[PDB]
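Here the structure comes first, spelled out in structure tokens, and everything after it is commentary.
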Amino acid sequence: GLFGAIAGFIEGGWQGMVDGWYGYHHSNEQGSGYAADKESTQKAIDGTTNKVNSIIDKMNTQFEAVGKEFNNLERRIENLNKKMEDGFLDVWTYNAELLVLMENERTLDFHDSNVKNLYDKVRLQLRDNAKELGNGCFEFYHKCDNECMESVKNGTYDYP
Amino acid sequence: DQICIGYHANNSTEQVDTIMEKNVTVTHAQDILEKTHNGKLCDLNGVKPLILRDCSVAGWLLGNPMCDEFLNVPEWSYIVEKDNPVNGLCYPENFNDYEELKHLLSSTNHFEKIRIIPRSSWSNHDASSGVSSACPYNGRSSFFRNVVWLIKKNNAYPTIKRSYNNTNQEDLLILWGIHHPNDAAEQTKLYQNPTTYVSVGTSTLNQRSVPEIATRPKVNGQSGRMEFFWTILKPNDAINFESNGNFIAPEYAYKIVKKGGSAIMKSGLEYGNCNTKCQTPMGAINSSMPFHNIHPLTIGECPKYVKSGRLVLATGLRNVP
Ligand SMILES: CC(=O)N[C@@H]1[C@@H](O[C@@H]2O[C@H](CO)[C@H](O)[C@H](O[C@]3(C(=O)O)C[C@H](O)[C@@H](NC(C)=O)[C@H]([C@H](O)[C@H](O)CO)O3)[C@H]2O)[C@H](O)[C@@H](CO)O[C@H]1O
Ligand SMILES: *[C@@H]1O[C@H](CO)[C@@H](O[C@@H]2O[C@H](CO)[C@@H](O)[C@H](O)[C@H]2NC(C)=O)[C@H](O)[C@H]1NC(C)=O
Ligand SMILES: *[C@@H]1O[C@H](CO)[C@@H](O[C@@H]2O[C@H](CO)[C@@H](O)[C@H](O)[C@H]2NC(C)=O)[C@H](O)[C@H]1NC(C)=O
Ligand SMILES: *[C@@H]1O[C@H](CO)[C@@H](O)[C@H](O)[C@H]1NC(C)=O
Ligand SMILES: *[C@@H]1O[C@H](CO)[C@@H](O)[C@H](O)[C@H]1NC(C)=O
Ligand SMILES: *[C@@H]1O[C@H](CO)[C@@H](O)[C@H](O)[C@H]1NC(C)=O
């Protein structure tokens, strides 16, 4: 997308990571598996939730119609009334649709951005111990296992 | 040996829209547009509405005989009136500032009926013959129940002088009228005096009405017409009526209870024996959605109305196989 990750340098999503939005898929002698990344997936969940709330709250102080009647010789003020009620309705309807649209676009980019940064926090982490495959994966040189994998995820990788 | 960075994916079929691309399939999405109602006119928070059915606000307030169902209506939440009630002014005529009175109804939740002038008080006038075939009741000629069509007595219409002080705490909605006969001959057959008037005075009201005669086509069989007036009498103010003929005096009036917060609804529905927090002319709404597209004229705790057909916010990310 806008950041290149989702549906990009990383061709597809993992149909098997029910755990969260973003995560890992390690592979070594011991075995392979998916595991979501709590820190980011959650920080995202928090961020998106608020947006929903903000959108809802920004739209709660909008217009409201009130019924009035007019006689046969009050057609101008009656039309004036109708013009006005349709006007605010169209104005607020426009606001709800456009806001939803603009923000939805940003939501998809927020996730993409979220993935590129998670991916980066790992690229710049494995430094010279693994090789960047350019498919969203990192293949080390000298064997690494589960106690080692859980290092990268632990954010406490490198004997440094 | 390797570690791969990635993102969630599922069988989600959900679709959102964006400025550049429509129908993006996404893992998770939240709808925020409520599109259903229950098709009924319910009680609003335990309070039942005033459903006028075939009677208009006028038929109700003036006491059209076909509307005895609303002779003494209780506290209401909102009011529903059909588009063209068939029972309004049984005796043809007009109702001054009728729309302003209806709008007034919207600042109130109760009109309590009270007798400010007994029908027996007319010792010098005929308060018994003011009935017309245009106002049928029990197969006989009747008339609006809340007012009285006074008629000359013993071939005399002695000048009337009545005063009523609002000793109530509430504002008083007082309705009266004048009769516009078909011709000079009818004028005398009914009231005896040829040149008449109905003068009304309060602290704010100054008014003299003269019957305007003309020849008009028959409505509900009558070529005559009636003009109805209304004024709000403040507590402690007084109202003075003086007339030498054609006066449609008030009998009942209404104490305005401003629990205020109603407004008139237009619908052909009847009462649906249900309760709701949010009501529209088409039915009620029980929703947690921030928006709805049912109808603009709503009442109670409702979601915000918009013309949208669809309104879905992306929550998850793009769903890619
Ligand atoms: C005896 C008879 O029935 N008269 C026939 C004529 O009908 C009368 O025509 C007059 C108008 O000239 C009125 O419309 C009469 O209708 C009433 C009504 O409202 O129903 C009769 C009521 O009793 C009367 N009420 C009062 C308080 O007087 C009412 C009022 O007078 C008028 O509305 C005043 O505006 O009128 C109606 O019965 C008929 O036109 C004629 C030809 O067919 O034949 C007459 O025999
Ligand atoms: C977090 O970092 C630790 C390293 O401190 C990872 O591995 C630890 O390895 C030691 C052996 O030296 C074990 O005794 C610990 O049980 C491991 N974790 C710790 C410190 O509790 C660890 O895999 C990383 N993530 C976890 C699982 O905490
Ligand atoms: C309506 O009647 C009331 C009395 O019931 C009038 O007001 C009172 O008038 C007396 C003197 O006549 C004063 O001493 C009182 O202070 C008044 N009472 C109140 C409630 O203020 C009132 O004037 C009458 N209305 C009119 C305009 O005729
Ligand atoms: C979603 O897909 C899974 C199969 O992976 C299935 O078990 C689940 O019932 C599906 N949900 C739907 C579409 O109801
Ligand atoms: C989007 O998909 C829906 C599927 O229900 C369809 O009705 C609509 O026409 C599509 N819009 C576009 C962009 O063609
Ligand atoms: C709305 O639906 C919820 C869910 O069943 C229910 O508990 C609540 O009482 C409903 N409200 C009304 C007004 O029916």
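Chain labels run A, B, ... following the order of the structure tokens; each chain numbers its residues from 1, and ligands are numbered from 1 in the order shown.
All chain B residues having an atom within 6 Å of chain A, based on only C-alpha atoms, amount to residues 1, 2, 3, 4, 5, 6, 7, 8, 9, 10, 18, 99, 297, 306, 307, 314, 317 and 320 of chain B.
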File dump, residues just selected, N, CA and C atoms, as a PDB file, in the first residue's frame:
ATOM      1  N   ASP B   1      17.336 -21.672   7.778  1.00  0.00           N
ATOM      2  CA  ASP B   1      16.718 -21.178   9.050  1.00  0.00           C
ATOM      3  C   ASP B   1      16.317 -19.688   8.965  1.00  0.00           C
ATOM      4  N   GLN B   2      15.071 -19.357   9.333  1.00  0.00           N
ATOM      5  CA  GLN B   2      14.587 -17.970   9.202  1.00  0.00           C
ATOM      6  C   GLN B   2      13.385 -17.466  10.032  1.00  0.00           C
ATOM      7  N   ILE B   3      13.255 -16.138  10.082  1.00  0.00           N
ATOM      8  CA  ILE B   3      12.157 -15.447  10.768  1.00  0.00           C
ATOM      9  C   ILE B   3      11.456 -14.523   9.753  1.00  0.00           C
ATOM     10  N   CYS B   4      10.129 -14.625   9.664  1.00  0.00           N
ATOM     11  CA  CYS B   4       9.366 -13.801   8.724  1.00  0.00           C
ATOM     12  C   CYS B   4       8.372 -12.837   9.378  1.00  0.00           C
ATOM     13  N   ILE B   5       8.354 -11.590   8.898  1.00  0.00           N
ATOM     14  CA  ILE B   5       7.426 -10.573   9.407  1.00  0.00           C
ATOM     15  C   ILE B   5       6.157 -10.626   8.591  1.00  0.00           C
ATOM     16  N   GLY B   6       5.028 -10.563   9.274  1.00  0.00           N
ATOM     17  CA  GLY B   6       3.780 -10.639   8.549  1.00  0.00           C
ATOM     18  C   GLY B   6       2.534 -10.102   9.214  1.00  0.00           C
ATOM     19  N   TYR B   7       1.427 -10.271   8.500  1.00  0.00           N
ATOM     20  CA  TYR B   7       0.154  -9.761   8.961  1.00  0.00           C
ATOM     21  C   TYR B   7      -1.033 -10.671   8.746  1.00  0.00           C
ATOM     22  N   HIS B   8      -1.983 -10.503   9.656  1.00  0.00           N
ATOM     23  CA  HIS B   8      -3.228 -11.242   9.717  1.00  0.00           C
ATOM     24  C   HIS B   8      -3.967 -11.315   8.401  1.00  0.00           C
ATOM     25  N   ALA B   9      -4.767 -12.361   8.259  1.00  0.00           N
ATOM     26  CA  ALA B   9      -5.578 -12.565   7.069  1.00  0.00           C
ATOM     27  C   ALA B   9      -6.688 -13.517   7.479  1.00  0.00           C
ATOM     28  N   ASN B  10      -7.863 -13.375   6.877  1.00  0.00           N
ATOM     29  CA  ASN B  10      -8.965 -14.258   7.207  1.00  0.00           C
ATOM     30  C   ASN B  10      -9.972 -14.422   6.074  1.00  0.00           C
ATOM     31  N   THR B  18     -12.783   3.761  -0.039  1.00  0.00           N
ATOM     32  CA  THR B  18     -11.792   4.812   0.166  1.00  0.00           C
ATOM     33  C   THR B  18     -11.903   5.738  -1.034  1.00  0.00           C
ATOM     34  N   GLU B  99     -51.683  27.042  12.082  1.00  0.00           N
ATOM     35  CA  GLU B  99     -50.335  26.490  12.109  1.00  0.00           C
ATOM     36  C   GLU B  99     -49.533  26.950  13.323  1.00  0.00           C
ATOM     37  N   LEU B 297     -37.421  13.246  10.645  1.00  0.00           N
ATOM     38  CA  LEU B 297     -38.226  13.662  11.791  1.00  0.00           C
ATOM     39  C   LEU B 297     -38.322  12.615  12.878  1.00  0.00           C
ATOM     40  N   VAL B 306     -28.850  10.534   8.425  1.00  0.00           N
ATOM     41  CA  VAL B 306     -28.090  10.844   7.212  1.00  0.00           C
ATOM     42  C   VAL B 306     -28.718  10.089   6.041  1.00  0.00           C
ATOM     43  N   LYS B 307     -28.480  10.567   4.832  1.00  0.00           N
ATOM     44  CA  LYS B 307     -29.048   9.948   3.645  1.00  0.00           C
ATOM     45  C   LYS B 307     -28.270   8.746   3.153  1.00  0.00           C
ATOM     46  N   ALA B 314     -13.476   1.016   8.299  1.00  0.00           N
ATOM     47  CA  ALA B 314     -12.460  -0.029   8.314  1.00  0.00           C
ATOM     48  C   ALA B 314     -11.913  -0.053   9.726  1.00  0.00           C
ATOM     49  N   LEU B 317      -7.199  -4.537   8.690  1.00  0.00           N
ATOM     50  CA  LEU B 317      -6.471  -4.158   7.478  1.00  0.00           C
ATOM     51  C   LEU B 317      -6.978  -4.863   6.227  1.00  0.00           C
ATOM     52  N   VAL B 320      -5.919 -10.000   2.285  1.00  0.00           N
ATOM     53  CA  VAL B 320      -5.340 -10.589   1.075  1.00  0.00           C
ATOM     54  C   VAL B 320      -5.006 -12.080   1.125  1.00  0.00           C
TER      55      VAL B 320
END
Inset, instruction - Pick out the residues no farther than 8 Å from ligand 5, counting only C-alpha atoms and all ligand atoms, and list them as number ranges by chain. - result: B: 15, 21-23
Legend entry - DSSP-assigned alpha helix (DSSP H) members of chain A, reported as JSON, numbers by chain: {"A": [38, 39, 40, 41, 42, 43, 44, 45, 46, 47, 48, 49, 50, 51, 52, 53, 54, 55, 56, 57, 58, 75, 76, 77, 78, 79, 80, 81, 82, 83, 84, 85, 86, 87, 88, 89, 90, 91, 92, 93, 94, 95, 96, 97, 98, 99, 100, 101, 102, 103, 104, 105, 106, 107, 108, 109, 110, 111, 112, 113, 114, 115, 116, 117, 118, 119, 120, 121, 122, 123, 124, 125, 126, 146, 147, 148, 149, 150, 151, 152, 153, 154]}
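Candidate residues B:171, B:242, B:251, B:97 were compared for distance to residue 206 in chain B, and the nearest is B:242, using only C-alpha atoms.
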Inset, instruction - To one decimal in Å, tell me the separation between atom 19 (O, counted along the ligand's line) of ligand 1 and CA of residue 220 in chain B. - result: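 One can read the atom 19 (O, counted along the ligand's line) of ligand 1 to CA of residue 220 in chain B distance as 9.3 Å.
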Legend entry - Close residues to ligand 2 using only C-alpha atoms and all ligand atoms, limit 10 Å, as a ChimeraX atom specification: /A:146-159
Legend entry - Nearby polymer residues, ligand 6, at most 6 Å, only C-alpha atoms and all ligand atoms, as a ChimeraX atom specification: /B:275-277,286
Inset, instruction - Tell me which of B:146, B:36, B:13, B:133 sits closest to ligand 1, counting only C-alpha atoms and all ligand atoms. - result: B:133
Inset, instruction - Name the residues of range 114-318 of chain B that come out as strand (DSSP E) in a backbone DSSP run; write them as a PyMOL selection string. - result: chain B and resi 114-115+132-137+140-142+147-149+160-165+171-180+198-201+206-209+225-233+238-243+247-250+252-257+264-266+271-276+278-280+283-285+291-292+299-300+304-305+312-314
Legend entry - Selection within 12 Å of ligand 3 by only C-alpha atoms and all ligand atoms, output as JSON, numbers by chain: {"B": [163, 164, 165, 166, 167, 168, 169, 201, 202, 203, 204, 233, 234, 235, 236, 237, 238, 239, 240]}
Inset, instruction - Provide the CA of residue 199 in chain B to CA of residue 243 in chain B distance in Å, to one decimal place. - result: 6.1 Å
Legend entry - residue 303 in chain B environment, 7 Å, only C-alpha atoms, sequence neighbours closer than 2 positions dropped, as a PyMOL selection string: chain B and resi 289-292+305
Selected residues written out, N, CA and C atoms, as a compact mmCIF listing (two decimals), in the first residue's frame:
# COMPACT_ATOMS: atom_id res chain seq x y z
N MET B 289 -26.05 2.22 17.12
CA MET B 289 -25.37 2.87 16.01
C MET B 289 -25.31 4.38 16.20
N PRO B 290 -24.24 5.00 15.70
CA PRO B 290 -24.17 6.45 15.85
C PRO B 290 -25.04 7.14 14.81
N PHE B 291 -25.31 6.46 13.69
CA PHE B 291 -26.13 6.97 12.58
C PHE B 291 -27.31 6.06 12.18
N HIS B 292 -28.25 6.61 11.41
CA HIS B 292 -29.42 5.89 10.90
C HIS B 292 -29.94 6.62 9.66
N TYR B 305 -29.37 11.27 11.92
CA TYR B 305 -29.86 10.92 10.59
C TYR B 305 -28.98 11.38 9.44
Inset, instruction - Find the residue from B:282, B:184, B:178, B:205 that sits nearest to residue 245 in chain B; use only C-alpha atoms when measuring. - result: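 Between B:282, B:184, B:178, B:205, the residue approaching residue 245 in chain B most closely is B:178.
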Inset, instruction - Show me which residues sit within 6 Å of ligand 1 when counting only C-alpha atoms and all ligand atoms, and put them as a list in words. - result: residues 129, 130, 131, 132, 133, 134, 181, 182, 190, 222 and 224 of chain B
Output of the above residues as a PDB file, in the first residue's frame, restricted to C-alpha atoms:
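Listing of again24.pdb after writing:
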ATOM      1  CA  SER B 129     -80.428  25.189  18.958  1.00  0.00           C
ATOM      2  CA  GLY B 130     -76.851  25.737  17.834  1.00  0.00           C
ATOM      3  CA  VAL B 131     -76.573  22.474  15.958  1.00  0.00           C
ATOM      4  CA  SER B 132     -76.087  21.707  12.283  1.00  0.00           C
ATOM      5  CA  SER B 133     -76.531  18.750   9.963  1.00  0.00           C
ATOM      6  CA  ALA B 134     -72.887  19.202   9.052  1.00  0.00           C
ATOM      7  CA  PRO B 181     -74.250  33.524   7.643  1.00  0.00           C
ATOM      8  CA  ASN B 182     -75.483  33.083   4.021  1.00  0.00           C
ATOM      9  CA  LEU B 190     -80.569  33.490  13.819  1.00  0.00           C
ATOM     10  CA  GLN B 222     -73.621  24.127   4.485  1.00  0.00           C
ATOM     11  CA  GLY B 224     -72.383  29.189   5.895  1.00  0.00           C
TER      12      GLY B 224
END
Inset, instruction - Would you kindly return, as a PyMOL selection string, each protein, DNA or RNA residue with an atom no farther than 8 Å from any atom of residue 268 in chain B, considering only C-alpha atoms and excluding same-chain residues fewer than 4 positions away? - result: chain B and resi 53+81-83
Legend entry - Contact residues around residue 150 in chain B with only C-alpha atoms at 10 Å, ignoring same-chain residues under 2 positions, as a PyMOL selection string: chain B and resi 119+122+124-131+147-148+152-153+157+190-191+245-249
Give me a file of those residues, with N, CA, C and O atoms, as a short mmCIF file (atom, residue, chain, number, x, y, z; two decimals), in the first residue's frame.
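Saved file selection.cif follows:
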data_model
loop_
_atom_site.label_atom_id
_atom_site.label_comp_id
_atom_site.auth_asym_id
_atom_site.auth_seq_id
_atom_site.Cartn_x
_atom_site.Cartn_y
_atom_site.Cartn_z
N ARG B 119 -72.51 26.02 30.17
CA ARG B 119 -73.48 26.09 29.08
C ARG B 119 -74.85 26.59 29.58
O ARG B 119 -75.69 27.04 28.79
N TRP B 122 -76.22 30.88 30.02
CA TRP B 122 -76.88 31.75 29.06
C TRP B 122 -78.38 31.84 29.27
O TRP B 122 -79.17 31.30 28.49
N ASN B 124 -80.25 34.44 28.93
CA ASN B 124 -80.95 35.29 27.98
C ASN B 124 -80.77 34.89 26.54
O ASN B 124 -81.28 35.56 25.65
N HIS B 125 -80.04 33.82 26.29
CA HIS B 125 -79.85 33.38 24.92
C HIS B 125 -80.20 31.89 24.78
O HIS B 125 -80.27 31.15 25.76
N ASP B 126 -80.43 31.48 23.54
CA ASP B 126 -80.76 30.10 23.24
C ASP B 126 -79.47 29.30 23.03
O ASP B 126 -78.85 29.38 21.97
N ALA B 127 -79.07 28.54 24.04
CA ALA B 127 -77.86 27.73 23.91
C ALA B 127 -78.20 26.29 23.55
O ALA B 127 -77.38 25.40 23.72
N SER B 128 -79.40 26.07 23.02
CA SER B 128 -79.87 24.73 22.67
C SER B 128 -80.03 24.40 21.21
O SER B 128 -79.98 23.23 20.82
N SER B 129 -80.20 25.41 20.38
CA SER B 129 -80.43 25.19 18.96
C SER B 129 -79.22 25.31 18.05
O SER B 129 -79.35 25.17 16.83
N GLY B 130 -78.06 25.59 18.63
CA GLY B 130 -76.85 25.74 17.83
C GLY B 130 -76.27 24.42 17.36
O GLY B 130 -75.18 24.01 17.78
N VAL B 131 -77.01 23.75 16.48
CA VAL B 131 -76.57 22.47 15.96
C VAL B 131 -76.76 22.52 14.47
O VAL B 131 -77.58 23.27 13.97
N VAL B 147 -67.58 24.43 22.30
CA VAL B 147 -68.04 25.80 22.15
C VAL B 147 -69.53 25.75 22.00
O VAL B 147 -70.09 24.67 21.81
N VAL B 148 -70.18 26.91 22.09
CA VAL B 148 -71.63 26.99 21.98
C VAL B 148 -72.07 28.00 20.90
O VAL B 148 -71.61 29.16 20.87
N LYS B 152 -80.59 33.75 19.17
CA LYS B 152 -81.50 34.73 19.75
C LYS B 152 -82.60 34.01 20.55
O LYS B 152 -82.97 32.89 20.21
N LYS B 153 -83.11 34.66 21.60
CA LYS B 153 -84.16 34.11 22.47
C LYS B 153 -85.31 35.10 22.56
O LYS B 153 -85.11 36.28 22.86
N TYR B 157 -81.59 39.27 20.88
CA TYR B 157 -80.23 38.82 21.12
C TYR B 157 -79.66 39.95 21.97
O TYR B 157 -78.96 40.83 21.47
N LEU B 190 -81.37 34.03 12.74
CA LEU B 190 -80.57 33.49 13.82
C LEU B 190 -80.37 34.42 15.01
O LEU B 190 -80.62 34.03 16.17
N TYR B 191 -79.96 35.65 14.72
CA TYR B 191 -79.64 36.60 15.78
C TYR B 191 -80.50 37.86 15.99
O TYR B 191 -80.27 38.59 16.96
N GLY B 245 -74.35 39.28 18.71
CA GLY B 245 -74.73 38.28 17.73
C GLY B 245 -73.61 37.55 16.98
O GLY B 245 -72.49 38.06 16.85
N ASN B 246 -73.93 36.34 16.50
CA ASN B 246 -73.01 35.50 15.72
C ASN B 246 -71.85 34.92 16.49
O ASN B 246 -70.95 34.31 15.92
N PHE B 247 -71.88 35.11 17.80
CA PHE B 247 -70.83 34.64 18.70
C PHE B 247 -70.89 33.13 18.97
O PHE B 247 -71.95 32.60 19.30
N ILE B 248 -69.76 32.46 18.80
CA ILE B 248 -69.64 31.04 19.10
C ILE B 248 -68.78 31.10 20.35
O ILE B 248 -67.56 31.05 20.29
N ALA B 249 -69.44 31.24 21.49
CA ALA B 249 -68.80 31.36 22.79
C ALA B 249 -68.07 30.13 23.24
O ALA B 249 -68.39 29.00 22.85
#
